[PDB]
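Undergrad: Requesting a structural model of the entry that follows:
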Amino acid sequence: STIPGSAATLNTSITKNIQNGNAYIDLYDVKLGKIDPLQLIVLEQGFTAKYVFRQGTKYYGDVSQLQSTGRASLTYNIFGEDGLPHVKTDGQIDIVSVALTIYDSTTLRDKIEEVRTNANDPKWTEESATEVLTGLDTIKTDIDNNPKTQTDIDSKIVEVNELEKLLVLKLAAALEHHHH
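TA: Numbers count the residues shown, from 1 in each chain. Sure, the structure comes next:
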């Protein structure tokens, strides 16, 4: 929800990055520049905020610096118009910490395009050509709209490998439909 006397509330409407009060970032979106940590929160008039990441043993002031997938923390330091940190009514520095999960789908999305390129080869029967494409599009949609754990991304890489194996050559199909 929102911490007692804070000037910043975490924006839950961005379901792709915010869930159950936790933040999620896909390095793919970071590389394609689709992420801006300051849009994940709502600042009430008269206060500015500067975010800071904390992963391993270092702090990152700019999301682009994030290079590894893992568990980290997103923190938002709130400041008043005087440039100094805001002190909440309870007498504490007004800061907002969000548990962050960093994952990267880059590899998966490529593995998908590979299988997709393969699936569209007219050498494969249209039933498999399509069953595999549906499979890929279902995953694709999911990784675009929903946040995932890196552990979860790798499992979908496996699902894709398996779907690619469903492809069936028209040649084979034609030798089976043969009755001697």
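Undergrad: Can you point out the buried residues in the helix ranked longest in the chain?
TA: The longest helix of the chain (DSSP state H) is helix 126-145. Buried positions in helix 126-145, judged by neighbour count with 16 or more other C-beta atoms under 10 Å: 128-129, 131-133, 135-136, 139-140, 143. Any C-beta I mention is one placed from the backbone N, CA and C, and that applies to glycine too.
Undergrad: for residue 120, phi and psi?
TA: When read as degrees, to the nearest 10, the backbone of residue 120 gives phi -80, psi 10.
Undergrad: Could you pull up the residues touching the spatially closest residue to it that is not a sequence neighbour?
TA: Spatial nearest neighbour of residue 120, excluding adjacent residues (C-beta to C-beta, 6 or more residues apart in numbering): residue 129 at 6.9 Å. Residues near residue 129 by C-beta atoms under 8 Å, 6 or more residues apart in numbering: 119-120, 167.
Undergrad: follow-up on the earlier one: now the angle between helix 126-145 and the very next helix or strand once past the longest helix of the chain, please.
TA: In the C-terminal direction, the helix or strand that comes right after helix 126-145 (DSSP states H and E) is helix 150-164. Angle of helix 150-164 versus helix 126-145, following axes from the mean of the first three to the mean of the last three C-alpha atoms, to 10 degrees, is 170 degrees.
Undergrad: which helices and strands sit right next to helix 150-164?
TA: The helices and strands touching helix 150-164, judged by 3 or more C-beta pairs under 8 Å, 6 or more residues apart in numbering; DSSP states H and E, are strand 95-103, helix 106-119, helix 126-145.
Undergrad: C-alpha coordinates for it, PDB please?
TA: C-alpha atoms of helix 150-164 as PDB (Å, rounded to 0.1, in the frame of the first residue of the first chain):
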ATOM      1  CA  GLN A 150      14.900 -15.900 -14.000                       C
ATOM      2  CA  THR A 151      14.400 -19.500 -12.800                       C
ATOM      3  CA  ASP A 152      11.100 -19.400 -14.600                       C
ATOM      4  CA  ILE A 153      12.500 -17.900 -17.900                       C
ATOM      5  CA  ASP A 154      15.000 -20.800 -18.200                       C
ATOM      6  CA  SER A 155      12.100 -23.300 -17.800                       C
ATOM      7  CA  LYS A 156      10.300 -21.700 -20.800                       C
ATOM      8  CA  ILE A 157      13.600 -22.000 -22.800                       C
ATOM      9  CA  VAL A 158      13.100 -25.700 -22.200                       C
ATOM     10  CA  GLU A 159       9.400 -25.700 -23.200                       C
ATOM     11  CA  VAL A 160      10.500 -24.100 -26.500                       C
ATOM     12  CA  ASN A 161      13.100 -26.800 -27.200                       C
ATOM     13  CA  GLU A 162      10.400 -29.400 -26.700                       C
ATOM     14  CA  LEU A 163       7.900 -27.600 -28.900                       C
ATOM     15  CA  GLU A 164      10.400 -27.400 -31.700                       C
END
